[PDB]
Each structure stands twice: as C-alpha cells, then as structure tokens.
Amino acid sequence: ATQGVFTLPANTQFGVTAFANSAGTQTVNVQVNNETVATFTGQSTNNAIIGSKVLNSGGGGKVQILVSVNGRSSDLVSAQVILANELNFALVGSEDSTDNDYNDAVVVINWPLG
C-alpha cells in the first residue's frame, strides 16, 4: 500500500540520487522522520542527475520520497533490495503522465556509506 517509504537502520548515513526522464520539471522531496531535508528540482529527458546528497536516517530511520510535477503528485513504485546481507538499495520510480514508463523521476537510495 505504502510506496516510496523505507525503514532504514537508525542514525545511518545514506546516499540519495535522483534522475530525470520527462518533459516535465520534476520536484523530488526527501523526508526523514516526516521532515523535508532535501529537495531536488530539474528537467531532463536524458537521465540527468538532478541531485545527489548524503543524509542521516536519524532516530526513527524513516525515509520517504515524494515526487511532484507542476504541483501534481506522481504515482510511485518502489522496492528495497539487499545484496550479501549488507548492501542496501531503496528504489523509487515515478509516473507523471499516461505512458507508464515510471522513469519520470527515478530515485536510488543506497547504504551503508564509507
């Protein structure tokens, strides 16, 4: 039911990177424990990286991605993958229109860092 919400280990540094593939200017909001900590804005139809930041998951470890285009919330898809019981990817696609490529904004969260 929930898409684009992930429970990270507490107080963990993570990377968050957003790609754009749409005619529409993407706005990507990163909320940690229900507070906006990063906003990425930009327009590309060729997978430009419109932001890449290192954030901290805080006490609650809650990380939510929200995507909007010209004030309209995009439909999200997401999952988390763990490799070798250690390397974590939290993955978000988003759809701003009708073609259902779900790539309009793509967000990759990765941890651990360092």
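One-based numbering along the sequence shown.
**Student:** Mean Cα B factor from the PDB record: higher for 103-111, or higher for 2-10?
**Tutor:** Result: 2-10.
**Student:** Should the higher mean CA B-factor in the entry be assigned to 30-38 or to 76-84?
**Tutor:** Stretch with the greater average CA B-factor: 30-38.
**Student:** Highest Cα B-factor in the deposition, which of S94, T17, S97, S22?
**Tutor:** Spelled out: the listed residue with the top C-alpha B-factor is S97.
**Student:** Relative to the other modelled residues in the chain, which third contains the C-alpha temperature factor of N56: lowest, middle or highest?
**Tutor:** For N56, the deposited C-alpha B-factor lands in the highest third.
**Student:** Which third of the chain does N47 land in by C-alpha B-factor: lowest, middle or highest?
**Tutor:** According to the entry, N47 has a C-alpha B-factor in the chain's lowest third.
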